[PDB]
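Some notes on the structure that comes next.
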């Protein structure tokens, strides 16, 4: 893979633009909040982009018509964290790991997401039920040397 330095917020907005027309078609309320507009990271931009595409696509499918999506980026000390939240039904406890299987079907591309975030970047990806919805969170170290 190919590690470069990029602004994480610029990537997030780039992915939003890919889905902007769809989000509008479904009358979804979208918001993106960041605590650091000039948040940069050294990562594989293509692979992080793939993760974000999957998570936003999943959020749209999950939240459906008249739904709600919020992305939050957070500058932590040695790592960056991105939260992708949608309003919708909670992930049943019994499925919290199972959804990350390459054989999960109802899939959500989560097995590849976890490979990218955890194996390729030394980070973590997980889900929690919050605020009448579901969040998928990933974090990656700011540099491969902070891994």
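We place every Cβ from the backbone using ideal geometry, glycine too, and count neighbours over all the protein chains shown. Read-outs throughout are calculated quantities, based only on the coordinates presented, and are distinct from any laboratory measurement.
Here are the numbers for this structure:
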{"quantity": "Every residue from segment 18-71 that is part of a helix (DSSP H, G or I), over 15 Å from the mean Cα position of the chain (by Cα) and surrounded by fewer than 17 Cβ atoms within 10 Å (Cβ to Cβ)", "calculated": "20, 21, 22, 24, 25"}
{"quantity": "Test: residue in segment 113-120 that is more than 23 Å from residue 3 (Cα to Cα) and surrounded by fewer than 18 Cβ atoms within 10 Å (Cβ to Cβ)", "calculated": "no"}
{"quantity": "Residue in segment 88-111 that is part of a strand (DSSP E or B), under 25 Å from residue 31 (Cβ atoms) and touching a helix residue (DSSP H, G or I) at 6+ places or on another chain (Cβ under 6 Å) present", "calculated": "no"}
{"quantity": "Of all residues in segment 3-17 being touching a helix residue (DSSP H, G or I) at 6+ places or on another chain (Cβ under 7 Å) and not in a helix (DSSP H, G or I), the one that is surrounded by the fewest Cβ atoms within 10 Å (Cβ to Cβ)", "calculated": "4"}
{"quantity": "Sole residue being under 19 Å from residue 119 (Cβ atoms) and in contact with a helix residue (DSSP H, G or I) (Cβ under 6 Å, 6 or more places away or on another chain), chosen from 78, 34", "calculated": "78"}
